[PDB]
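Below: the structure, in structure tokens.
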Amino acid sequence: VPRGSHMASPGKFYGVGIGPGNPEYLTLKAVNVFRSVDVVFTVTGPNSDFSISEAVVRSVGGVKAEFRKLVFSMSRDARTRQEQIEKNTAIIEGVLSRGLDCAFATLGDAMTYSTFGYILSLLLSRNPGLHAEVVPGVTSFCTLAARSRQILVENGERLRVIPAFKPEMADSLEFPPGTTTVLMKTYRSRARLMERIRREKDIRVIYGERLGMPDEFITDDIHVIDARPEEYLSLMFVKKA
Amino acid sequence: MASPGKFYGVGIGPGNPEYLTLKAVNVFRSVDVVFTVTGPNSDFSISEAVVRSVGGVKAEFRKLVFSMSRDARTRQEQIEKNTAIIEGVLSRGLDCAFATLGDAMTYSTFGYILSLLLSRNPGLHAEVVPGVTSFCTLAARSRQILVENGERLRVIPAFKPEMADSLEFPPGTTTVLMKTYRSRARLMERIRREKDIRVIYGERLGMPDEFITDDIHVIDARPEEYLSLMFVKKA
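So the sequences go chain by chain: A and B.
Under the authors' numbering, the first residue of the first sequence carries the number -5, and numbering increases by one thereafter.
Under the authors' numbering, the first residue of the second sequence carries the number 1, and numbering increases by one thereafter.
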């Protein structure tokens, strides 16, 4: 039996990087998307149902969308995190299949160290013809450079970004001359990282906590860094001359 | 008591006016003078067109000439002259913004200006507005993840043909190559000697001939284009 000429328009899906958290660092495109969708999904942890990114998105105004929260597994097994990714993808698919437009809002840039990428990958694999558009956002390291008024990288200097520093990495970490190295998660490995840094020469360090938040702390003094309480939302980059 | 003007460095993103930040738009609507960069060839500024596109900007637009491939003395004199022009605007109490494509702190001419300006005027009120990068935009438009989990990101500003033999693509890395113009053949030959490698290539992001591909042979067959960008993901 021939299929027929039925045309059901599924909803449109957006991935939206919203920046480090300051609502002023959203792009105009992000604002237009949030004002053009039915549902906004944001990420929460299992600990609390609070979404920072939901507050950021709501702050911009004109957003009539319904907000829903997705929980992502911060546990170490690949299969449990995969099950959480599959379940959240199914929730999104359920909303899209009824013809509702949805946006997935993520802190930072949507394609750079995000949980959004796993969702988009699975969605496109399962639904090859799906209408999906990605909105880039301002990154945390560019924001740290802006707020500290320190150049991230210029001319023929190379930029390196290292996502998750592990305590068994400080000794192996190299800082080639004329490079800038961003270290993204300095939370519980900061002591060994600082020990490695204090044995290097011709280096400048820019360190930041809570970019765009009330208690935004920025410094370029290593000793101040080592005295600080360990903070999950912390970032640094190391410039080797 | 004469208060000098406030100075802004504003990254405006890859060129699409939708990729300006809200802060960038507010700054552009609240300043007296907007400076943009030109080359020595023509006095045309793409970023001036981008900023004028947003609407509501009453500021005067001025051009600053930069040629960053020249000798150190020419670059130093050019930097000093442009800094003096900005100082001339600020000293009359006018707020001004320096608009640059991409992010203001990442491979921009803005940093040289800000360095000299702050050296000459330590007390200057200066604020830098971050912008969306070209490689994040290429990943967004291609719907390809730039980097995830524990993968490392490397950005190389200027690819040279000799890098082809010396360049490493370690597994689990993404390498952005910014300017592969006139060396793209050797880079493609280097890529064809690897397995488990993905290449995302883009020309003219936001322009009429917006071209994006991940097919290496299609890339090798195309004529070389100056405004092109690629990243290389090694699994």
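Positions of the beta carbon are idealized from the N, C-alpha and C atoms, including for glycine.
query: Are A/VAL129 and A/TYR8 touching if we call contact CB-CB under 8 Å?
result: yes
- prompt: Is the stretch 137 to 153 of chain B close to the stretch 137 to 151 of chain A, with three or more CB pairs under 8 Å?
  reply: no
Alpha helix (DSSP H) runs wholly inside the stretch 115 to 161 of chain A, at least 4 long, in chain order: 134 to 142
- request: Verify the CB distance criterion: does A/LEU20 have a CB-CB separation below 8 Å to chain B?
  value: yes
query: Taking the beta strand (DSSP E) that B/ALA99 falls in, what are its first and last residues?
result: 96 to 100
query: When DSSP labels each residue in this structure, what does B/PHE61 get in the three-state scheme?
result: strand
message: Short of 8 Å Cβ to Cβ, which residues in the stretch 140 to 159 of chain B face chain A?
response: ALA140, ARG141, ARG143, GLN144, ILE145, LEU146, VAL147, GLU148, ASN149, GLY150, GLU151, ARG152, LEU153, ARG154, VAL155, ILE156, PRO157, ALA158
message: Measuring straight from C-alpha to C-alpha, what distance separates A/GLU210 and B/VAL218?
response: 47 Å
field: Chain-ordered chain B contacts of A/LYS23 [CB-CB under 7 Å]
entry: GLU18, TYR19
task: Could you tell me if A/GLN78 is buried or exposed, where buried requires 16 or more neighbouring beta carbons within 10 angstroms of its beta carbon?
output: buried
query: Does the pairing of the stretch 187 to 194 of chain A with the stretch 13 to 33 of chain B give three or more beta-carbon distances under 8 Å?
result: no
- request: Establish whether the CB of B/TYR8 and some CB of chain A are separated by less than 8 Å.
  value: no
task: Using a Cβ-Cβ cut-off of less than 7 Å, give me the residues of the stretch 95 to 106 of chain B that come near chain A, in sequence order.
output: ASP103, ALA104, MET105, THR106
query: Quick one: does A/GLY15 have its CB under 8 Å from some CB of chain B?
result: no
- prompt: How would you list, in chain order, the residues of chain A whose beta-carbon sits under 8 Å from the beta-carbon of B/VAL132?
  reply: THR21, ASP103, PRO130, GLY131, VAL132
query: How should A/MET230 be labelled, buried or exposed, when 16 other C-beta atoms within 10 angstroms of its C-beta is the threshold for buried?
result: buried
task: Taking 8 Å as the cut-off, decide whether the C-beta atoms of A/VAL155 and A/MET178 are in contact.
output: yes
Alpha carbon of B/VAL54 to alpha carbon of A/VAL57, nearest angstrom: 21 Å
- request: May I ask you to list, following chain order, the residues of the stretch 107 to 124 of chain A that have a beta carbon less than 8 Å from some beta carbon of chain B?
  value: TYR107, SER108, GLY111, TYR112, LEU114, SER115, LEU118
message: Helix, strand or coil, according to DSSP, for B/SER42 in the structure here?
response: coil
- request: May I ask which residues mark the beginning and end of the alpha helix (DSSP H) holding B/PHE28?
  value: 22 to 30
- prompt: Thinking C-beta only, is A/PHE159 closer than 8 Å to A/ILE86?
  reply: no
message: Counting only Cβ pairs nearer than 9 Å, list the residues of chain A close to B/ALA221.
response: Correct list: empty, because the minimum Cβ distance to chain A is about 26 Å.
query: By DSSP, does B/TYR181 sit in helix, in strand, or in coil?
result: coil
- request: Determine the contact status of B/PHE169 and B/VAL232, defining contact as a CB-CB distance below 8 Å.
  value: yes
query: Between B/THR137 and chain A, is there a C-beta pair that is closer than 8 Å?
result: yes
Coarse secondary structure for B/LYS81, derived from DSSP in three states: helix
query: Helix, strand or coil: how does DSSP classify A/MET68 here?
result: coil
- prompt: Between the beta-carbon of B/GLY206 and the beta-carbon of B/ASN16, is there less than 8 Å?
  reply: yes
query: Roughly how many whole angstroms lie between the Cα atoms of A/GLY93 and A/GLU60?
result: 14 Å
- prompt: Is A/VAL27 buried or exposed, if buried means 16 or more other CB atoms sit within 10 Å of its CB?
  reply: buried
Of the listed residues A/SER91, A/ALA84, A/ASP95, nearest to A/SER115 (C-alpha basis): A/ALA84
field: DSSP-derived helix/strand/coil call for A/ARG198
entry: strand
- prompt: Which of helix, strand or coil does DSSP assign to A/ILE212?
  reply: strand
task: Starting from the C-beta of A/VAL33, find all residues in its chain whose C-beta is less than 7 Å away, skip the five residues before and the five after it, and write them out in chain order.
output: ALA59, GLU60, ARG62, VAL89, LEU94, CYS96
message: Quick check on the burial criterion: 16 or more other C-beta atoms within 10 angstroms. Buried or exposed for B/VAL65?
response: exposed
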